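Take a look at this single chain, the form solved without the DNA, given in structure tokens.
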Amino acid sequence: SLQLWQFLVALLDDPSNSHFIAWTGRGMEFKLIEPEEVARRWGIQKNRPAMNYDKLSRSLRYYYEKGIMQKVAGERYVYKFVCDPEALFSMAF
């Protein structure tokens, strides 16, 4: 049972997925190029066929509160993993 952040890291590690999700090249920044495709694959992963970006974005919002991620200012689908002791702790536990 993967957490959504783990699942995104696994998709980001394969450049074959770069058409729907990719590291932008700027540090730990990544873009949901096809956000509905990212949702569909998350749906397959968790056996939730009714998964959509609306549900996926609520999960990405929870990740700001934990300090794991931040939404890049001025962007609809660009986020970054945070590299600080708080993010590390939330990812470790």
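Quick note: we count residues from 1 along the sequence shown, nothing fancier.
Peer 1: Look over 81-89 and 9-17 in the entry and identify the one with the greater average Cα temperature factor.
Peer 2: Between 81-89 and 9-17, it is 81-89.
Peer 1: Quick one: say whether 49-57 or 35-43 has the higher mean Cα B-factor in the deposited entry.
Peer 2: Mean B over CA atoms: larger for 49-57.
Peer 1: Lowest, middle or highest third of the chain for the C-alpha temperature factor of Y64?
Peer 2: Ranked within chain, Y64 CA B lands in the highest tercile.
What follows is about the form solved in complex with the DNA, which we do not show.
Peer 1: Taking any heavy atom pair closer than or equal to 4.5 Å as contact, tell me whether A87 reaches the DNA in the bound PDB entry.
Peer 2: Looking in the bound PDB entry, residue contacts with the DNA do not include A87, since no heavy atom lies within 4.5 Å.
Peer 1: Heavy atoms within 4.5 Å of the DNA in the bound PDB entry: does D14 have any?
Peer 2: It does not: once the DNA is placed as it appears in the bound PDB entry, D14 has no heavy atom within 4.5 Å of it.
Peer 1: In the bound PDB entry, does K71 have a heavy atom within 4.5 Å of the DNA?
Peer 2: So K71 counts as contacting the DNA.
Peer 1: Find out whether any non-hydrogen atom of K46 is located within 4.5 angstroms of the DNA in the bound PDB entry, and reply yes or no.
Peer 2: Because a heavy atom of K46 falls inside 4.5 Å of the DNA in the bound PDB entry, the answer is yes.
Peer 1: Within 8-29, which residues have a heavy atom closer than or equal to 4.5 Å from the DNA in the bound PDB entry?
Peer 2: Heavy-atom contacts within 4.5 Å come from no residue here.
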